[PDB]
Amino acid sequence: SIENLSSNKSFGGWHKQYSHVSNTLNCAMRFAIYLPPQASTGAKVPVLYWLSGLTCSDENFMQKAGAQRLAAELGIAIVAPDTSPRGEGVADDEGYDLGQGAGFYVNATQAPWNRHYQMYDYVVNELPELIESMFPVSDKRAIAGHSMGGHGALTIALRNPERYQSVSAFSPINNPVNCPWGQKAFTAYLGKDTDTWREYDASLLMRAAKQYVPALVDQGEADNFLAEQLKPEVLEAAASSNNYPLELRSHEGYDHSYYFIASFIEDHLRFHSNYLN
């Protein structure tokens, strides 16, 4: 039911990849975890769930964000699920922005996607239960993500305020119902009734929030998707209209890539550490 696929020592801790049979997704799923040195001592550590964006697997962040050095210093485990169900038994699309590598962290209601694309239930319910039963971790968790994953982290935190201590994102899709990436995915996964899309839009959820999770968002000003897909100003508007504890930082010259993420990921870890402990 569970297989450890790889184990790589990293800054005194361990990066480990797993495969398991997911009950929510009804298929084999891969996730990666980074266990800091503290995990080898008997201590329990907090967990930051990291949600990746379009076309990513469970490994991109682990390999490219350079989060391990500070995670090891702070004693924080990081768990990175895949971005969709995977396999020939799972529906796909030829486009980078639909299907595999593109689950959008929603529970699909439309055929043929609904058979396996239950990524919201996976990240919110199944994965944390698995993590906490396998690893020396406490029940303190936070969540973060990039782009499609930034959309994932914000929506999931906003909808589950009592479960997450803090949330952050790089370049999130803030207002998916109003951009092509979100409209294409939601139409496919959720259908044409745009009313059902509302619970999966970070900006709408932030406007509606009754409970707050402290939020940190970083956006690169040289990000080519900023105006058409991401719309940080819409998230700022939502926050201002609902007393929301959001800090949104804009960075000149920085883009959408992991070069941007790596340049600021330490701020995120320190932010999450503040609330995890």
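Start at 1 with the first residue shown and count on from there.
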| property | result |
| --- | --- |
| Per the entry, higher mean C-alpha B factor between 197 to 205 and 91 to 99 | 91 to 99 |
| 53 to 61 versus 207 to 215 - which carries the larger mean C-alpha B factor in the record | 207 to 215 |
| Deposited CA B-factor, highest of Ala67, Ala28, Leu230, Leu48 | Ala28 |
| Among modelled residues of the same chain, the CA temperature factor third for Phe135 | middle |
| CA B-factor placement of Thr24, once the chain's modelled residues are sorted into thirds | highest |
| Third of chain Cα B-factors occupied by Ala108 | middle |
| CA B-factor ranking of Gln183, expressed as a third of its chain | highest |
| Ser147 - which third its CA temperature factor falls in, relative to the rest of the chain | highest |
